[PDB]
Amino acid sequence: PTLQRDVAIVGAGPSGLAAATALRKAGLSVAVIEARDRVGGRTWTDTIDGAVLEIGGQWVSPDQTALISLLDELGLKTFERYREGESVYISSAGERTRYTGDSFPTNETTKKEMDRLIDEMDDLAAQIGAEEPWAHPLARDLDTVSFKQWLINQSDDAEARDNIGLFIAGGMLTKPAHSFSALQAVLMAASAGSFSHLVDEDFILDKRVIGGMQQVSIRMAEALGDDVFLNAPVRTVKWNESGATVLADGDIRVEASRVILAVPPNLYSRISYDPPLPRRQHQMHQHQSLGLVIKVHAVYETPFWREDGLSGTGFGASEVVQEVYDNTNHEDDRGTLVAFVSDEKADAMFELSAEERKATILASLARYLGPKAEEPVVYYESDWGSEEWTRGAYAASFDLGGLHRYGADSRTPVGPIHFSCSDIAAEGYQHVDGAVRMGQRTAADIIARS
C-alpha cells in the first residue's frame, strides 16, 4: 500500500510511539512502521515455561517524571520492589557480609573513599548536566580520559574504584570502565538526577508497572490502530528538502513531510538513504555502540530468601553476577529473582555451553542468597544481543572521545529527517523515560516547524 502522512515514524518502541501520540494530539497525521511482529522494542513481556517475565526494561525511578505522567494518562499503575530485610555485599577479597542502610560494609578507608567519590560525581553532574555535557569547559579533559583512568587519578583504593565502577560500567552503560570516558560517567549520573540516585537501588530500581512496562507501548499502539504496521522492516528513505518517502517490506510506501528514525543509533545504517546522509552522520553513527548485559530470570516455588531475613538484593563487583534483586511479580506467590551479568563477563558466559553457563550463574545467585537459588522452577536469560532489531542491552553510548566530538550533533535533524530514541536523550538517557522525553521533544520540534 501507499500512504500520505505528515510524519513517518520508523520504530514502534516507546520513543516512536510517544512521538506518534504527541503528533496525533496536535492534529498531524502519522504512520509508524515497525520491523518486529510486536511493539515495545527493548521493552517486552512474555510467558516462558509458564512464568510471565519482563524480558527488557521494567523499573521506574522517582525522577522519571515524563514516564510517570504517561503511565497516569494510560491508566497504568505502579508497585514497589520488595526491600525488607538485609542486602548482601561481596568484597574484592571475597568476604560475604549481610547489611542494611546505604553504604556497603567495607573497612573505613574504603567507605570514606566511596563517599568522597560519590560526592565528587554528584558535584560534576550538577555542574555539567545532561542536556549538553560536551559544552562545559571541564568537558574536554573529562572526555579524553577513561572512567577507569579517572578513578585511578582520584583514588588509591582499589575496592572503592571497583564499587564506583560497578554502578556506571556494569550497572548502566554495560561496558568496561576502560572503554568510555569520565564525561560519559558524568552524563549518566546527571541524566538520572545525581550519581547518588544511581547508587541507591531504592531510587533507580524503585517501582515496576502493574501488567509490565511493555503495556506502555502496547496501549499507545492500540490507540493508533491501522496507522501501525508490524512485520515491516524499513529498508529505504528517499528524501529532499521538502519530503521523505519511506519504503518497507510488504510493498509499504509512505510519503511524508518528515521522518523520525526512532531506532537506536547503531541501527541507522540498516536503512539506505537516497541521497546518502552527510559526512558528519556517516562518521558519528560509526562511533555509537550498544553495551551488552545478560538479564537473568529465576523463578522459585516461593520468595525463599525472605524467610531468611534477606531483601533479595546483592552486590559484588568481582562476581560473575554483579547484582541480584527481588523481582517477584505483583501479587505472585512464586518468587522471581533478577540478576545481571555485564559486558566482558557476559561474553565469557556466552562462550560456555548453555548448561555450564546456567550452572555458573546459579552458583553465583547461591553465593549471594544460599543453596536454594540453585533449584528454580523456571530459568531464563534475556538475549538482546542476538536480536537483529536491537543487538545489545541496555543502550548505546559513544566510544571513548565520541561524546565531546559528536554529542552536539546527535539530535540535529538532517533536512526532513529527525532522530529520537533513549540513547540520545538528556534526562532519562538510556531509559524508557528518555525514550518518552525524546519522542515528545521531537514531536514538539516538528509541530513548531510545521
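Residues carry their position along the shown sequence, with the first being 1.
- Relative to one another, 62 to 70 and 421 to 429 have unequal mean CA B-factors, and 62 to 70 is the one with the higher figure.
- If you average the C-alpha B-factors over 272 to 280 and over 166 to 174, the higher value belongs to 166 to 174.
- The PDB entry assigns its highest CA temperature factor, among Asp343, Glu222, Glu131, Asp143, to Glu222.
- Residues shown: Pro233, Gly316, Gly211, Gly75. Highest C-alpha temperature factor in the entry: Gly75.
- Ranked by C-alpha B-factor against the other modelled residues of its chain, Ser353 falls in the middle third.
- Compared with the other modelled residues of the chain, the Cα B-factor recorded for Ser103 ranks in the highest third.
- Annotation for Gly94: CA B-factor lies in the highest third of the chain's modelled residues.
- Placement of the Cα temperature factor of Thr45 within the chain: middle third of the modelled residues, per the deposited record.
- For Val237, the recorded CA temperature factor ranks within the middle third of the chain's modelled residues.
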